[PDB]
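Student: Line by line, the protein sequences are chains B and A.
Residues 2 to 32, 44 to 289 in the deposited numbering are what the first sequence spells out, letter by letter.
Residue 131 in the deposited numbering is what sits at position 129 of the second sequence, and the numbering runs on without skipping anything.
Please see the structure below; I have some questions.
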Amino acid sequence: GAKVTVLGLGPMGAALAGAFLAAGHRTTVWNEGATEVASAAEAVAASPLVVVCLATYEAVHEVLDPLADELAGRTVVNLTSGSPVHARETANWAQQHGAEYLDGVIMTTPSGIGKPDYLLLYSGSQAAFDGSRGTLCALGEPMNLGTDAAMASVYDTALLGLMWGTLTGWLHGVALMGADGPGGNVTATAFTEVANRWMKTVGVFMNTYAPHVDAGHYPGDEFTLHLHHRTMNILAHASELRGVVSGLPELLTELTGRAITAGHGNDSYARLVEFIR
Amino acid sequence: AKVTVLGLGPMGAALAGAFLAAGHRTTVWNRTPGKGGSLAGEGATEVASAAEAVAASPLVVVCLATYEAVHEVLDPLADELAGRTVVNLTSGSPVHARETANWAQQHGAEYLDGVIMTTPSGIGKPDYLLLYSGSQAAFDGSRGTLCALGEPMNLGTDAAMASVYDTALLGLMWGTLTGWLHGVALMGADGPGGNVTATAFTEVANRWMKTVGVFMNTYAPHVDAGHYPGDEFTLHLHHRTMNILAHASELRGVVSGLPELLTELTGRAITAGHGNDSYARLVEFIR
Ligand SMILES: NC(=O)c1ccc[n+]([C@@H]2O[C@H](COP(=O)([O-])OP(=O)(O)OC[C@H]3O[C@@H](n4cnc5c(N)ncnc54)[C@H](OP(=O)(O)O)[C@@H]3O)[C@@H](O)[C@H]2O)c1
Ligand SMILES: NC(=O)c1ccc[n+]([C@@H]2O[C@H](COP(=O)([O-])OP(=O)(O)OC[C@H]3O[C@@H](n4cnc5c(N)ncnc54)[C@H](OP(=O)(O)O)[C@@H]3O)[C@@H](O)[C@H]2O)c1
Ligand SMILES: O=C1NC(=O)c2c1c1c3ccccc3[nH]c1c1[nH]c3ccccc3c21
Ligand SMILES: O=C1NC(=O)c2c1c1c3ccccc3[nH]c1c1[nH]c3ccccc3c21
Ligand SMILES: [Cl-]
Ligand SMILES: [Cl-]
Ligand SMILES: [Cl-]
Ligand SMILES: [Cl-]
Ligand SMILES: [Cl-]
Ligand SMILES: [Cl-]
Ligand SMILES: [Cl-]
Ligand code: NA
Ligand code: NA
């Protein structure tokens, strides 16, 4: 068991501390196998690894600024949510004072800490990540995004956008399947059983199209934007017939229509990245 | 097993090829001659007329351009289809699936309607799905042979289900892919933490999609029960973080329409007093 300090005992902070304790680490906490101290100065002095999980980065700076001298030679893992610039500014300050800095984001809620298949994403000091990965595994599956401390904040936002696109298309499909009409009156649970299997194919599409974006070359092969637009129009008609009004078909047909007007009808879906950036 | 394929366009030709690769005695027919040469070289028996093809096998797999084409081909063969099983993988509307199923019933053919959830090059490969609805006897008796095309799923007894499932699953795909595109553009943009490649983002997104899948499985029973407990991720938190996504996307020049769609939808549910509920409550605000 390694020595680890947690700063912040809100619902998430308290969950982080409990996961470290459960893995057998010598856990000091500040806001019963944990050692609770009254001051953050005492908490920071107790451990070479300081895991921070406060409400805001403004709170981070209020807590950590008076401890600049006390942070020399320590490793700071900052799981507070906030902006990319705030992660970067905190990283630069930590470097100034000789603390190894790793910024991270928690891709679950407190009840998911310590459970399988939940991600915590980190960016910043590679030496901090490699040295602390074994202890950080107590919280969930750690991923090292790279060396730029601000990356984790951007990844969280982008990944939530992906989640909301998926879940909104799921809701649209649930409503289409549940509606009255031939082939309808299907439960959400039955639809989702098939959807679960289908997502493996959707994952093939995302892994096929990422190289297209990075190359700036978008070969349509057997599923061109012409075919997307045609079948999107079917989706729109079907949704109107069955009373599903989500705005997704209107968004899809407008976006693909602009690429087709521009002459890229034979390209893959990846071409559409040029029409949102 | 003896199987007939009617239709040798790109998809139908792929279906016949997959039946051949699984060892089935495969008979093929197409309206235009001269599209079965490669299949014949792979062991298919090509015949000149649809009547010969239907006569050749107890299982008749149909993959034509439209359901109008299906009826042009099958209607003269009503008496010849009695006692056979028709599996119709043609694309079209739920009503056309039902009308064809009713016609098959009248003439004594067991009818299974289906949809192919891949392109011709995906036929016969792992993970790709073929979805079927209609005669449970047809599905159970034919599943072993149909396995040659891809993983078969029996959606249930109503022939029109496959058509609706295809449309619904494509909507789910587009929602996912448009959220993925939005994320690629946000990750790739200039700014702190940015200039990340789409390939690097997608490697992380692949792992994240497992969690997203868990959300869908948690929320499906909410829809079916009409009870939407928000637990630790309520609509209040969705709306708050959606506003962050909208702000971030504007600063980095990502203009997809998705944040505005999300915040308007969640805002309507919060105004209605459902801020403590799960994402599943939003089904009531699109239906
Ligand atoms: N909760 C989740 O589901 C979840 C999921 C992913 C990420 N996160 C992130 O994890 C972080 C914390 O989670 P949380 O929601 O449990 O924390 P929180 O509820 O948002 O705020 C509670 C914690 O922040 C501390 N704090 C706030 N302002 C402070 C200040 N000026 N000085 C010292 N401490 C201060 C609180 O201490 P006091 O209030 O006692 O002063 C308490 O420890 C947040 O950034 C959140 O976005 C949370
Ligand atoms: N290709 C795909 O990626 C894909 C994916 C999923 C589902 N599907 C569905 O699978 C079906 C076939 O796909 P496909 O592209 O390979 O075929 P297709 O291009 O959609 O149409 C070609 C087939 O339809 C036949 N056909 C059309 N009109 C006919 C008529 N009046 N009488 C007799 N036969 C007629 C053609 O015979 P001729 O050669 O003589 O014209 C040929 O066998 C379609 O419903 C398609 O939507 C296709
Ligand atoms: O407050 C913010 N201002 C921002 O610009 C911003 C902010 C937050 C934020 C605030 C509280 C909790 C979690 C958070 N995530 C954030 C962001 N992610 C991004 C990705 C690209 C560009 C900008 C952002 C961005
Ligand atoms: O109403 C429709 N008219 C159509 O032509 C149609 C319709 C629906 C539909 C209506 C309500 C719910 C789910 C639905 N799926 C549909 C379709 N899928 C196709 C594939 C190829 C050609 C046409 C279609 C097609
Ligand atoms: Cl519903
Ligand atoms: Cl009905
Ligand atoms: Cl059902
Ligand atoms: Cl699955
Ligand atoms: Cl097309
Ligand atoms: Cl011939
Ligand atoms: Cl980009
Ligand atoms: Na962070
Ligand atoms: Na069909």
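We treat Cβ as the ideally placed atom computed from N, Cα and C, and that holds for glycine.
1. Could you tell me which chain A residues have their CB closer than 8 Å to the CB of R242 of chain B, listed as they occur along the chain?
2. Quick one: grab the DSSP three-state call for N156 of chain A.
3. Using only the alpha-carbon positions, how far apart do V75 of chain A and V62 of chain A sit?
4. Based on the DSSP output, what are the partners of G136 of chain B in its beta bridges?
5. Going by C-alpha distance, which of A:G228, A:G259, A:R33 and A:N245 is nearest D279 of chain A?
6. Per DSSP, which one or two residues make a beta bridge with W31 of chain A?
7. Considering just the uninterrupted stretch of the beta strand (DSSP E) at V62 of chain B, what are its terminal residues?
8. State yes or no: is the C-beta of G196 of chain A within less than 8 Å of the C-beta of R254 of chain A?
9. On the three-state DSSP scale, how would you describe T87 of chain A?
10. Identify the residues that DSSP records as bridge partners of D279 of chain A: which are they?
11. Beta-carbon distances below 6 Å to any heavy atom of ligand 10 define the shell here; list its residues in chain order, please.
12. Determine the DSSP secondary structure at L131 of chain A, reduced to helix, strand or coil.
13. From the DSSP output, in three-state form, read off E48 of chain B for me.
14. Measuring only from the beta carbon, is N208 of chain B closer than 7 Å to any heavy atom that is part of ligand 8?
15. Just tell me which of B:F141, B:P194 and B:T180 has its CA closest to the CA of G94 of chain A.
16. Does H240 of chain B come out as helix, strand or coil in the three-state DSSP assignment?
17. Kindly examine ligand 11 and report whether one of its heavy atoms sits closer than 7 Å to the Cβ of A187 of chain A.
18. Just to confirm before moving on: does the CB-CB distance between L260 of chain A and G173 of chain B stay below 8 Å?
19. Would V88 of chain A and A111 of chain A qualify as a contact pair, given that the criterion is a beta-carbon distance under 8 Å?
20. Going by alpha carbons, who is nearest to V56 of chain A out of A:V5, A:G116, A:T68 and A:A23?
21. According to DSSP, simplified to helix, strand and coil, what is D142 of chain A?
22. Closer than 9 Å between beta carbons: that is the criterion. Which residues of the region 183 to 198 of chain B meet it against chain A?
23. Would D279 of chain A pass as an interface residue toward chain B - the criterion being a Cβ-Cβ separation below 8 Å?
24. If you reduce the DSSP assignment to three classes, tell me which class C149 of chain A lands in.
25. For a contact defined as C-beta to C-beta under 7 Å, what are the partners of residue 39 of chain B on chain A?
26. Considering only their Cβ atoms, is the gap separating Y221 of chain A from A282 of chain A smaller than 8 Å?
27. Three-state secondary structure (DSSP) at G269 of chain B?
28. So, is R100 of chain B buried or exposed, given that buried needs 16 or more other C-beta atoms within 10 angstroms?
29. So which residues of chain B does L264 of chain A contact, with C-beta pairs closer than 8 Å?
30. Who are the Cβ neighbours of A187 of chain A in its own chain at under 7 Å, not counting the five residues just before and after it?
31. Measure the C-alpha to C-alpha separation of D142 of chain A and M155 of chain A and round it to an integer number of angstroms.
32. Using a Cβ-Cβ cut-off of 6 Å (strictly less than) and excluding sequence neighbours within five positions of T243 of chain B, which residues of its own chain qualify?
33. Using the Cα positions of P122 of chain B and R270 of chain A, report the straight-line distance between them to the nearest angstrom.
34. Find the nearest neighbour of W182 of chain A within the set A:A164, A:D168, A:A202 and A:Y167, judged by alpha-carbon distance.
35. Just the Cα atoms here: how many angstroms apart are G215 of chain A and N208 of chain B?
36. Listing by chain order, which chain A residues have their CB less than 9 Å from the CB of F217 of chain B?
Tutor: Judging by the given coordinates:
1. Simply none; closest approach about 11 Å.
2. strand
3. Between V75 of chain A and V62 of chain A, the alpha-carbon positions lie close to 12 Å from each other.
4. B:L114
5. The closest CA to that of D279 of chain A, considering only A:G228, A:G259, A:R33 and A:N245, is found on A:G228.
6. A:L8
7. DSSP places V62 of chain B in the uninterrupted beta strand (DSSP E) bounded by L61 to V64.
8. yes
9. strand
10. A:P231
11. Working through the chain, the matches are A:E48, A:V49 and A:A50.
12. strand
13. strand
14. yes
15. Cα-wise, what sits closest to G94 of chain A is B:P194.
16. helix
17. yes
18. It is a contact, given that the beta carbons lie within the stated cut-off.
19. In contact: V88 of chain A and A111 of chain A (Cβ atoms closer than 8 Å).
20. The candidate whose alpha carbon is nearest that of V56 of chain A is A:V5.
21. helix
22. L183, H184, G185, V186, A187, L188, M189, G190, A191, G193, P194, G195, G196, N197 and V198
23. no
24. helix
25. Coordinates for residue 39 of chain B are simply not present: the residues of chain B run from 32 and resume at 44.
26. Their beta carbons are under 8 Å apart, which means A282 of chain A touches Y221 of chain A by this criterion.
27. helix
28. Counting the other Cβ atoms within 10 Å of the Cβ of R100 of chain B gives 16 or more, which makes it buried.
29. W176 and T180
30. Cβ-Cβ distances below 7 Å link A187 of chain A to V256 in the same chain, with the five nearest sequence neighbours on each side left out; the list follows chain order.
31. 11 Å
32. Excluding sequence neighbours, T243 of chain B sits near nothing in its chain.
33. 27 Å
34. Here the closest residue by C-alpha is A:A202.
35. 7 Å
36. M175, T178, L179 and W182
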